[PDB]
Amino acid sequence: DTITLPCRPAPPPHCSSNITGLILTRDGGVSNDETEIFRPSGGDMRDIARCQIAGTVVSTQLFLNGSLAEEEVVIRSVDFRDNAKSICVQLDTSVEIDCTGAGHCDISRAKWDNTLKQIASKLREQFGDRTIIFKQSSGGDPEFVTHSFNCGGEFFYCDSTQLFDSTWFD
């Protein structure tokens, strides 16, 4: 099985990338459900220091191409206790996005799931034994809410509401 994310306009095949990390923002679990909600960020991915892992392509939410870890998912922040501070996520293996040109870029469901199992068990190291909920960016504009990227001089905007709709370790 495969996660089919629609994008506008129809991304060319050469815009296939590797996901090598992502910026998350805890809202975070503010007055108790024994949970933590995390959402992908809509902010500039260079407006977050101590996450100097981006290569060349301009994006939001995830890092297309760019730097990987030595061989364990590494999650960092300037202060996890402050929810205004974004969380840097750097992978160890990259999940490939295959843009076929029709209108959607595709992700192996199995690859994502286990990239999510590792992130959540890393977040669970920092914050402890609590439910890690992955959810959609909660707005701002039609830009913010999507995974946007630059490829061939143009911006493509992908409905990323599928990658972030999970709960781990209830």
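Numbering starts at 1 and runs along the sequence shown.
Out of 92 to 100 and 79 to 87, which one has CA B-factors that are higher on average in the deposited record?
Higher mean C-alpha B-factor in the PDB entry: 79 to 87.
Which of the two stretches, 117 to 125 or 137 to 145, shows the higher mean Cα temperature factor in the record?
In the deposited entry, the stretch with the higher C-alpha B-factor mean is 137 to 145.
Of the choices 49, 57, 62, 107, which one's C-alpha carries the largest B-factor in the record?
49 has the highest C-alpha B-factor of those listed.
Which one of 10, 15, 23, 19 shows the top CA temperature factor in the record?
Largest recorded C-alpha B-factor: 10.
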